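Participant: Dumping the structure here so I can ask a few things about it.
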2 protein chains.
Amino acid sequence: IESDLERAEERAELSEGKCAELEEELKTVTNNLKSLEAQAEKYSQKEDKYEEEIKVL
Amino acid sequence: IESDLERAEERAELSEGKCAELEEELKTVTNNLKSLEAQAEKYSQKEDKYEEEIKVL
């Protein structure tokens, strides 16, 4: 039973490590998505401004 | 020892489930990020053309 307990412990440790890594990856990619969305909104506004400038000039 | 082993194995199962869910989230967010990268590239091309026309005018 002691050997069985050791095996269970090591499996749990590996699973937790993978979980932590996945958490970090998701955090990074979600931050990237947020930044890109803000940039896209600003770009739409800039595009409208540029079209207005084209018309007036 | 037997009780501790049972609890450890249950913990490992829970961690594995969490890892699977994290994998799903990561893949979904990755796809969304790629789509928005393409959108931003289109934004960049539009801005380039508008800038050129502004210069000409």
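Following the order of the structure tokens, first chain is A, next is B, and so on, with residues numbered from 1 inside each chain and ligands from 1 in the order they appear.
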Counting only C-alpha atoms, a student should be able to say which residues of chain B come within 8 Å of chain A; what is the right answer, written as a PyMOL selection string?
Facilitator: chain B and resi 1-2+4-6+8-9+11-13+15-16+18-19+22-23+25-26+29-30+32-33+36-37+39-40+43+46-47+50-51+53-54+57
Participant: So these two share a sequence; what Cα RMSD do you get laying chain A over chain B, all Cα, in order, least squares?
Facilitator: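 C-alpha RMSD, chain A fitted to chain B: 1.9 Å.
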